[PDB]
Amino acid sequence: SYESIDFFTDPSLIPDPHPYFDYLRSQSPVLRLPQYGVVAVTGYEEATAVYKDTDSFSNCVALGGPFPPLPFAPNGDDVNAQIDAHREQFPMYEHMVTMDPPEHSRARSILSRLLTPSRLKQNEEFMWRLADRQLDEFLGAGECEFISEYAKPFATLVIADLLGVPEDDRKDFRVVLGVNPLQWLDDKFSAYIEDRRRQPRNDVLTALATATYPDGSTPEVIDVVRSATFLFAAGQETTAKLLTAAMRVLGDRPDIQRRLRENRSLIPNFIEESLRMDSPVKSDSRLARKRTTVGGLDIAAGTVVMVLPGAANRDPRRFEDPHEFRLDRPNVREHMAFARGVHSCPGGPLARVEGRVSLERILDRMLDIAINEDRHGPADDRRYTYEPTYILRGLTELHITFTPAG
Ligand code: HEM
């Protein structure tokens, strides 16, 4: 029963965690779990409170929460000295998603020149051409495995464009990020930045190589590389899962497919409801830096506090009929799939646009989008497989059929 189930290890929760999330939230929106001392936050306003409070809640354990174990034994009402003494031992410690003030602002600032309205405008117009190139690769087949054939390559190539990767290198980025890929990425971007710093150009990489911190100082090369290359890890898998979740609904809800085809202005609301219903980041964790209180629960220093963004997005105090996929939700943009606070996803706007542009050209070029029944069974008895992880919500594969429009 849910009373002793282990959210982090039990495979019975991978297909659909929301019955379990509902059971937790009805006990309390802030609940101490039966294992590992983890406090699980399934409430929307309580998750918001946690996210906005960096003084009490550190990102050192953001990725995995109780795994791996802390690199120290927590004691006392303050673990800040212990966090500082082992800062470089948490997973992804080199990336901004695990950083607290004052390190966090400096690392995040390096992204700023990539996310200007001018840059995102050029990247958005690029997405229209990229969507057609990706669809060219398999449209004639009338079927595809959507993750490997569209969603993962598309998400990779968008970030490559955003980072100003030279055109002649983009194919290699798709292959390698589709051999240690992280080291390959570091080596490639190290040389990019070193080259642009010695001979500046009128390109995106030079704008990256000449960025300054908020205090005016110049970042080290390794710090530019860490901030820039992290966009692939942060933006590839999550965005791929969102595109595929959108397609799954398009096939399982032909009524919605019909409405979107005839009124393209409903596509943004469809992508937002996809983010609310199938939030790609399933858990997002924090470490209590001091003794504190959320949702009326006394949380000791060193306790893992785990936000479940998909559960907060089904909090009935905020979303009426929260298990219903609805294009009509006036507050759908209030979901927290991209979190809140200083770590609020900088790729939120990018992911929304990837979803809208992808589905625009998908609907243009694919008539009669359907789920493959040989692979997934009938429409009211589907056989889907979700990734066996407690941190991410996404399909492992999605086989679809369609009539090419050309
Ligand atoms: C559906 C797609 C996506 C989802 C659901 C998502 C979700 C999230 C969430 C919840 C966080 C906050 C983690 C925390 O509490 O620290 C985050 C952070 C971040 N995301 Fe995304 N993300 C998506 C796509 C992207 C894209 C496309 C990019 C870049 C092109 C990106 C880059 C980042 C970065 C750099 C951070 C670190 C922010 C910081 O620590 O200040 N993500 N993401």
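X-ray crystallography is the method the PDB entry states for this structure, with the resolution given as 1.55 Å.

**So, the sheet that holds strand 10 (residues 399-404)**
Taken together, the three strands give an open sheet; going across it, the order is 4-10-9, and neighbouring strands pair in antiparallel fashion. The open sheet terminates on both sides in strands that have one partner only, identified here as strand 4 (143-145) and strand 9 (366-371). Between one strand axis and the next, the sheet turns through 25° on average, direction left out of account. Where strand 9 and strand 10 come together, four bridges link them in antiparallel fashion.

**Concerning the nonpolar core**
Side chains of nonpolar character tend, in soluble globular proteins, to be buried together. Ranked by internal contacts, the top residues of the largest apolar core, which has 79 residues, are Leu163, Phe189, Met247, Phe270 and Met366. With near-sequence residues (within four places) excluded, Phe270 lies in contact with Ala246, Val249, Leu250, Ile256, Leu260, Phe325, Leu327 and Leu359.

**Remarks on the site of the ligand**
Close contacts around the ligand come from 28 residues, with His104, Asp284, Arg286, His343 and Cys345 the closest. Here an oxygen atom of the ligand sits 2.8 Å away from a polar atom, N or O, in the side chain of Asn59. Looking at which element gives the most residues to the shell around the ligand, the answer is helix 10 (residues 221-252), with seven residues.

**Observations concerning the packing of helix 6 (residues 146-162) against helix 14 (residues 348-365)**
Each pair of packed helices can be described by the angle between their axes along with the distance between the axes. The interhelical angle for the contact between helix 6 and helix 14, taken along N-to-C directions, is 130°, at an axis separation of 12 Å. One way to sum up the angle between helix 6 and helix 14 is to call them oblique. When the axes of helix 6 and helix 14 are compared, the crossing they make is right-handed. Taking contact as the criterion, the partners of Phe146, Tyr150, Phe154, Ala155, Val158 and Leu162 in helix 6 are, on helix 14, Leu350, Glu354, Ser358 and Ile362. Tallied by class, the residues present in the contact of helix 6 with helix 14 amount to eight nonpolar, one polar and one charged.

**Topic: the UniProt feature "binding site: heme b" (unreviewed entry) in the protein**
Annotation from UniProt places "binding site: heme b" (unreviewed entry) at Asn59, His104, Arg108, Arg286, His343 and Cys345. The residue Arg286 is located in strand 5 (residues 284-288) in this model. On the basis of relative accessible area, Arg286 is assigned to the buried category, the value being 2%. Sequence-distant contacts of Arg286, that is, excluding residues within four places in its chain, are made with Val50, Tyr51, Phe57, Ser58, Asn59, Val61, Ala62, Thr303, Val304, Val305 and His343. Separated by 2.8 Å, the side chains of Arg286 and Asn59 make a polar contact. Counting through the fold element by element, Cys345 comes out in the loop between helix 13 (309-312) and helix 14.

**A word on the packing of aromatic side chains**
The description of an aromatic ring pair rests on the distance of the ring centres and on the angle between the ring planes. Here the structure, examined in full by the defined rule, presents 22 aromatic pairs. For the ring pair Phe173 and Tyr192, a centre distance of 6.5 Å and an interplane angle of 10° mean the geometry is stacked. Exposure remark for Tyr192: the relative accessible area of 7% places this residue in the buried category. A connected cluster of aromatic rings, assembled from ring pairs, spans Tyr2, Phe7, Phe8, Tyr20, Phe21, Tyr23, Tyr36, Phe67 and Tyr390.

Rules behind the numbers
- Residues numbered from 1 in each chain as written, not as in the entry; some residues may be left out.
- Heavy atoms only, no water.
- Pairing = 2+ DSSP bridges.
- Helix = DSSP H or I, 4+ residues; strand = E, 2+ residues; numbered from the N terminus.
- Axes fitted to C-alpha atoms, helices over the stretch in contact; angles between N-to-C directions.
- Core = buried A, V, L, I, M, F, W, Y, C linked by side-chain atoms within 4.5 Å.
- Buried < 20%, exposed > 50% of the residue type's maximum accessible area, 1.4 Å probe, protein only.
- Contact = heavy atoms within 4.5 Å.
- Near = heavy atom within 4 Å.
- Polar contact = N/O pair within 3.5 Å; in protein donor to acceptor, adjacent residues only side chain to side chain.
- Parallel < 35°, antiparallel > 145°, perpendicular 65-115°, else oblique.
- Left-handed = near helix turned anticlockwise from the far one by under 90°.
- Nonpolar A, V, L, I, M, F, W, Y, C, P; charged D, E, K, R; others polar.
- UniProt positions renumbered as here; feature names shortened; annotations may be inferred.
- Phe/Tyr/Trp six-rings, centres within 6.5 Å; stacked < 30°, edge-to-face > 60°.

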